[PDB]
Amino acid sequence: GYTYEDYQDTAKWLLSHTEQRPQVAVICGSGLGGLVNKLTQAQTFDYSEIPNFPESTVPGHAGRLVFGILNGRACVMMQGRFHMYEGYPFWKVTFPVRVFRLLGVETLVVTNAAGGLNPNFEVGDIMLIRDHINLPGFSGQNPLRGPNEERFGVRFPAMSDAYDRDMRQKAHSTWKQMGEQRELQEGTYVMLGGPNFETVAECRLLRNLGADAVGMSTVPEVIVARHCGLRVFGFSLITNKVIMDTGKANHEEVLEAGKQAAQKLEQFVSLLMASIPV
């Protein structure tokens, strides 16, 4: 797909169009775009004006790259992301992650809306991603497939420690300072292709494999991020309890859930920003 140079050119283009030099990158999922307000000294670029960038076609994804200061911390946010079901191969879905590494970003925060498989989860819950299950990877659909680019990372990167332990600990401390009634959930995220929603037999199956939440994104990004050395932290906004007995999922409802949790996710991410090291 892309050559090392391609990533370089896009990085140089961003560096020369804004004075902002982000240390952290945040990828906002479906209905999580609101995080971009409260960003101060913001600078926005539409994905379409940035050389080599893909386009967001899904409802709820603005398709804008936003630079700014969040809580005394310089960062860059993807208001909208890319999904495999849209038609993009993983090397396109993850293009932004390598660009961020080339800008000097050290930490990546991934976020998404997902279905809750763990029966103890409630709509509106926030689940820290402690680990993931990459179903597409089982069959070979992987962003690292093909010749390896030594300049980014190694041929066989390990994924067992993908989700930084210290940041997860910090997220737990930050949450207690918020005095929330609900406790911070934590679990395994499983990714499948989409775009259709799962059947009851599929959900039972996912749950029995040890999954706590299901979605159609994020995993490709974490993989590429770990491959090029970025520290990674992530969470799912539980948008609905999945049906396990023989209603029905719809995107509008997931977006609605995102609006309702806006105040909560915004303060949570703001506070969290003051806890990133380096």
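The numbering used is simple: start at 1 and walk along the sequence shown.
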item	value
Residue range whose averaged C-alpha B-factor is higher in the record, 235 to 243 or 205 to 213	235 to 243
Greater mean Cα temperature factor according to the PDB record, 84 to 92 or 189 to 197	84 to 92
Criterion, highest CA B-factor; candidates, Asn250, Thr44, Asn52, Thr218	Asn250
Largest Cα B-factor, entry values, listed residues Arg182, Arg98, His172, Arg130	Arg182
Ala25 CA temperature factor, ranked by third within the chain	lowest
Among modelled residues of the same chain, the CA temperature factor third for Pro119	highest
Third of chain Cα B-factors occupied by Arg155	lowest
Within-chain third of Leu103 by Cα B-factor, per the entry	lowest
For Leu15, the third of its chain into which the C-alpha B factor falls	middle
